[PDB]
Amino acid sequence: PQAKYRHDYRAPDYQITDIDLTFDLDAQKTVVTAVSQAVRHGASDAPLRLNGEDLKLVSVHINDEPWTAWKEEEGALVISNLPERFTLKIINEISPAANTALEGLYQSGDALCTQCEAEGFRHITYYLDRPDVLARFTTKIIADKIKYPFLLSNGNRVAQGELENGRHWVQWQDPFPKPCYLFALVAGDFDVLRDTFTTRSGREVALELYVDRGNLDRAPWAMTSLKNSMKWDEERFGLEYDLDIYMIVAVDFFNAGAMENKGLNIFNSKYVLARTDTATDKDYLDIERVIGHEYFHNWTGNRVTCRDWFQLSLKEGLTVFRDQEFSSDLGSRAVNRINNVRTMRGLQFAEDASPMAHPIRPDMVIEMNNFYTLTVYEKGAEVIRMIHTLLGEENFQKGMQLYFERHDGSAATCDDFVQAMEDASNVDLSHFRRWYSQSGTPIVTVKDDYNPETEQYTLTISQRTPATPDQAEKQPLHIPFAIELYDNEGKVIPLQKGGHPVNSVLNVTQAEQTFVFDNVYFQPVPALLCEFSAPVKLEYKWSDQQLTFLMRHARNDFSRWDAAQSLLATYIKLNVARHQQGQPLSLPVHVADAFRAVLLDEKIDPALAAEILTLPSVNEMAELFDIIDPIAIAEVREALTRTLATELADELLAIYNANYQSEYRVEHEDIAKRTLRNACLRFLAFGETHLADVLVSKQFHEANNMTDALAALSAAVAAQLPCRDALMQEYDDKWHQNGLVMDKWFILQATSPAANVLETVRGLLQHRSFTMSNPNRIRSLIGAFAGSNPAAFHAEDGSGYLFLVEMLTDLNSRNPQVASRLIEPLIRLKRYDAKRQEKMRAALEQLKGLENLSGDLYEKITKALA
């Protein structure tokens, strides 16, 4: 359809203040009654345009009078000649069972449940579906007692009743005005885990976690995590929960990961259910993350919400920042930072090049569900971290405070949040605001000079953002640029300028500038962009010895990891160019020596050693190139792994045996050691075949937990070892009746370095555990093929592109949101060689031709083809 523009936001002509919903539930045909209290603010001649999608309108009343001055248009109900203040009453029917897109009210298994973010409440009743219209909800659900014993909506339960013919009803009331995207409804039969948490001030909150029956044994971690979140937000931000009850329901059929619906979060069951033999350490930490995340939304998203959808980052960048900080306090900050930066550089930077490039606050949007992006979430949070970096904790907290004090109870803008941070701190963020409106990844170039006569070090820093598909015009940003300077012994040299300390975060605000430091008593090795202080590409001409020096001496663990990625980047690029000419991998001795040194340093945190021995992902590697040869990258990763497996075999095995652990515990010291042990196992898989096949299958068979079971299975697949098919069948045989566990197996299948991986993947569309109606299964198999196996996806013959087009033809009609996730590999076409671009362009031109092309796909397809 047509685009919506941020600069066209105007306040609404009408407001709703209270809405009283009734649901006569039935999966075939639900009847919705909505009584809303409205107020005209605009002109008298302005009609009321209510949004609505695939609703069957039964009746319209205005102050109990059957209305005759209205009409239905494309996606709207238009009501005219209205009083200034009035009661609106709509009755409509919807059909949950038919809803395969999982927008609105749909069925997930036997259960009914909702997804309204961003614009799904309009698939339930005619409303002002925009998040600047906030109102007090009352929700009455009626349903078959047998099939739907639990009837849940937002708030507290305020009435209940039984009816003839085996039906019953519950009524719910949320005292906080909210935008309709935060409305939730759930009916079904569940096992319920109940605990309580008591707030800092005495308030006792009931906690109820709803799971499909028989899953009550994978619930406690989720619950413990929720409790930790409530405590952490209390300790770090001073934020207490505001209601008496907190519900979380885990469903299997869900497009997102989870949803901050006020008082009644709905979670993909992926980010709830864990048990030591079904879930890995990553799963546990992700559940901690997502539970936390939705919880933190209770302030940064609900108590203060978004005036319009272009302000999505207001809540998501801030709430992601909050889930990073939660994870980082409770666990390893260094590991957390490293991985979040892997994500920025690997995946986000790629999107900021792509035809979908947008600023964290978009200016144009066709389908809003396309803008739940790495950019809005992860880059959004980096922008928040930058603010935190410029202001410091004490100041940042005062801004949070002023933000809430001003906007609690309303919908706000990104600019409002920045103004709160500015006014509380008296740090000026006028120039900084440009981060909200400029797309693309800036490139910061650093040139250095030491003058021993004067004992001064000059940094010449310059910046440029190259043009993007979405903006022709770019300008310099306010870039917090952190530096440490190290002397010959590995001590930090103090920064100064004329006998006066200088702050180690520099304000790179111009296209080019120059910083001169004094009393620099020795020629420094610098650490640049410490802790990835801005979401930029750094360009500096490191010597390998500067890099290895930093791996040995840098204060900050992140700087050691990052020195290593820079060391290794050089050689990844070398060996890709070599691969392309039929040459074998070449690697200097001293490079392997550095990784050996990390493996044998007793001073090293195992967690860090583990991340330094985790090679960059293929996506992380691709960001190093202008043109991507996915096959060269894939083969080079495989080779580089083999070479270090050989060069480090004795030390790898030593460290593998050293960090054996008889007990399994989800505690961070233990996870660090298990991560390191399994990092060693990966390399060993790629070494001597018999020894490999022995360790891998032994670890798999003997593993007490899924982290170890799967690490070995995954290495058997990755390294193509003898036991593979057997181990792989064993897993199927055991876990096929369990979708979330099978997700891992599908990924392994889909990301196999095998020769006939596409043929296997087409076949797995028939597998017992697979189903095209379940977005988890789709992402696990098809998603992992297209997104995480770029070597097979970008086969020379175009067979990958055609497979995705077949799938997308199905998913376009069934679930556009998921089709849109899946097309992302294909809109990156302008990044590969001509021969590939042509086939990709052809695939996109096929999809453009679809009878009933969704807006979701249409938005991305016309940008890419443009």
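A residue's number is simply how far along the shown sequence it sits, counting from 1.
Asks: Tell me which stretch has the larger mean Cα B-factor in this entry, 378-386 or 703-711.
Replies: Looking at the recorded C-alpha B-factors, 703-711 comes out higher on average.
Asks: Can you let me know which of the two, 243-251 or 644-652, has the higher average C-alpha B-factor in the entry?
Replies: On average, C-alpha B-factors are higher across 644-652.
Asks: By the CA temperature factor listed in this entry, which of these ranks top: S533, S769, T114, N503?
Replies: By C-alpha B-factor in the record, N503 ranks first.
Asks: Looking at the C-alpha B-factor values in the deposited entry, which of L82, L151, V589, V133 comes out highest?
Replies: Most elevated C-alpha B-factor of the set, per the entry: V589.
Asks: Which third of the chain does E845 land in by C-alpha B-factor: lowest, middle or highest?
Replies: CA B-factor rank for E845: highest third.
Asks: Test of reading the entry: by CA B factor among the chain's modelled residues, which third contains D189?
Replies: Within its chain, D189 is a middle-third residue by C-alpha B-factor, going by the deposited values.
Asks: Could you look up the Cα B-factor of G166 in the entry and say which third of the chain it sits in: lowest, middle or highest?
Replies: Its C-alpha B-factor belongs to the highest third of this chain's values.
Asks: Going by the entry, which third of its chain does the Cα temperature factor of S813 land in?
Replies: Highest third, going by the recorded CA B-factors of the chain.
Asks: Which third of the chain does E611 land in by C-alpha B-factor: lowest, middle or highest?
Replies: For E611, whose C-alpha B-factor we compare with every modelled residue in the chain, the answer is the middle third.
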